[PDB]
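As a starting point, one isolated chain is supplied in structure tokens, in the form solved without the DNA.
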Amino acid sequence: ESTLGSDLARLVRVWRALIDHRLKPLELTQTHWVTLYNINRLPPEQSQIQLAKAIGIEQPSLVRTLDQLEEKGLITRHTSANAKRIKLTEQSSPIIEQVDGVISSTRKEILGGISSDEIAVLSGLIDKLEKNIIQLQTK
């Protein structure tokens, strides 16, 4: 109980570290692969505030990250008829699939130990805690 917040942090840190290790060859930063995954997953017409909310970083850090990714030829930016729109490049195609593939099967292996009845109770409890925090931050 007293270490539950820490245990949750460490779990995330250690899950992401593994993904980092598996993605070693591509020479990406952890911020890069998390961003690239969220760019590819998010709907088209959505705002950069919203992209930042999906990723879980502040706007100034998102700006810097996109600059770096543009530099590497993985994304372009475009004036939209909806603020600027982020487009993945053809060049990014193989990297995105590699990033997606590792995230997706890393999750399956990690979940491999436990039952679907057990993750159900886990999702429910994670959601419960989140609700509690949102409520309190509002107050």
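Shifts are known only where both forms have a C-alpha. The first residue of the shown sequence is 1; numbering continues from there. Whichever C-alpha set is largest while still superposing within 1.5 Å between the two forms counts as the rigid core.
**Student:** I'd like the number of residues from the deposited sequence that lie between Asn82 and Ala83 yet are not in the model, binned as none, 1 to 3, 4 to 9, or 10 or more.
**Tutor:** Gap size class: 1 to 3 residues without coordinates, per the record.
**Student:** Which is higher on mean Cα B factor in this entry, 73 to 81 or 48 to 56?
**Tutor:** Looking at the record's C-alpha B-factors, the answer is 73 to 81.
**Student:** Looking at the deposited entry, does 62 to 70 or 87 to 95 carry the larger mean Cα B-factor?
**Tutor:** Stretch with the higher mean C-alpha B-factor: 87 to 95.
**Student:** Consider only the C-alpha atoms of the modelled residues in this chain, order them by B-factor as the entry records it, and name the third containing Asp20: lowest, middle or highest.
**Tutor:** As the PDB entry reports it, the C-alpha B-factor of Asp20 lands in the lowest third of its chain.
**Student:** Relative to the other modelled residues of the same chain, rank the CA B-factor of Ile39 and answer lowest, middle or highest third.
**Tutor:** Lowest third.
**Student:** Going by what the PDB entry lists, where does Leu136 fall on CA B-factor within its chain: lowest, middle or highest third?
**Tutor:** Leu136: CA B-factor falls in the highest third of its chain.
**Student:** Determine, from the deposited record, the chain-internal third of the Cα B-factor for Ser104: lowest, middle or highest.
**Tutor:** Answer is middle: the recorded C-alpha B-factor places it there.
One more form of this protein should be noted, the form deposited with the DNA bound, which is absent from this view; the next part is about it.
**Student:** Can you pick the one in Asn40, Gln48, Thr89, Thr106 that has a heavy atom within 4.5 Å of the DNA in the bound PDB entry?
**Tutor:** In short, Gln48.
**Student:** So the DNA isn't shown here. In the bound PDB entry, which residue out of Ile57, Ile96, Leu26, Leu111 has a non-hydrogen atom within 4.5 Å of it?
**Tutor:** Exactly one residue meets the criterion: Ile57.
**Student:** Only counting heavy atoms and a 4.5 Å limit, does any residue of 69 to 105 reach the DNA in the bound PDB entry, and if so which ones?
**Tutor:** The stretch touches the partner through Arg77, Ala83, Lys84.
**Student:** So if I superpose on the core and keep residues found in both forms, which blocks of at least 3 in a row have all their CA atoms moved by 2 Å or more between this form and the one not shown?
**Tutor:** After core superposition, the one displaced run is 44 to 47.
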